[PDB]
């Protein structure tokens, strides 16, 4: 009976927590984050080389963005559009040229290459083994040593 009073009080605390949490997720993601399913993408609003971006995302507790669907890709395109800066994705063809994989090593389940890309031609930058996403959502292979918007996936 007293136990009953305790779980009804827990129900009220839990529901208030859920309400307040729904609100603070929306507050937190405004404006530099987007949620898709269980994933959250968030930009730090600065640019780094691919290598430094990788360290930054891991150190923060996440990883670089691996868009596995149109919906996830659109969310990233929304972030780079707002920031007006193209962002590095997680994927590279470093192990095998022309074959872009996630950092786990599996092949892409989704791809949105711009016309003509990937082309592995960064001019004076040499080969292009990383991937940038444009405001329109399209992808281009870019040299990993370039500076691009950092977006992390959590």
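Positions refer to the first chain, counted from 1.
Enquirer: Mind pulling up the entry and telling me whether 143-151 or 4-12 has the higher mean Cα temperature factor?
Expert: Mean C-alpha B-factor is greater for 4-12.
Enquirer: Quick one: higher average CA temperature factor, 102-110 or 86-94?
Expert: Mean CA B-factor is higher for 102-110.
Enquirer: Specify which of 32, 125, 66, 49 carries the largest Cα B factor in the deposited PDB entry.
Expert: Max CA B-factor in the entry, restricted to 32, 125, 66, 49: 125.
Enquirer: Per the entry's values, where does residue 81 land by CA temperature factor relative to the rest of its chain, in the lowest, middle or highest third?
Expert: Highest third - that is where residue 81 ends up once the chain's C-alpha B-factors are sorted.
Enquirer: For residue 28, does the deposited CA B-factor place it in the lowest, middle or highest third of the chain?
Expert: Lowest third of the chain for residue 28's C-alpha B-factor.
Enquirer: Going by the entry, which third of its chain does the Cα temperature factor of residue 22 land in?
Expert: Middle third, going by the recorded CA B-factors of the chain.
Enquirer: Ranking every modelled residue in this chain by its Cα temperature factor as given in the entry, which third contains residue 43?
Expert: Residue 43: CA B-factor falls in the lowest third of its chain.
Enquirer: Would you please rank residue 129 by its C-alpha temperature factor against the other modelled residues of its chain and give the third it falls in: lowest, middle or highest?
Expert: CA B-factor rank for residue 129: lowest third.
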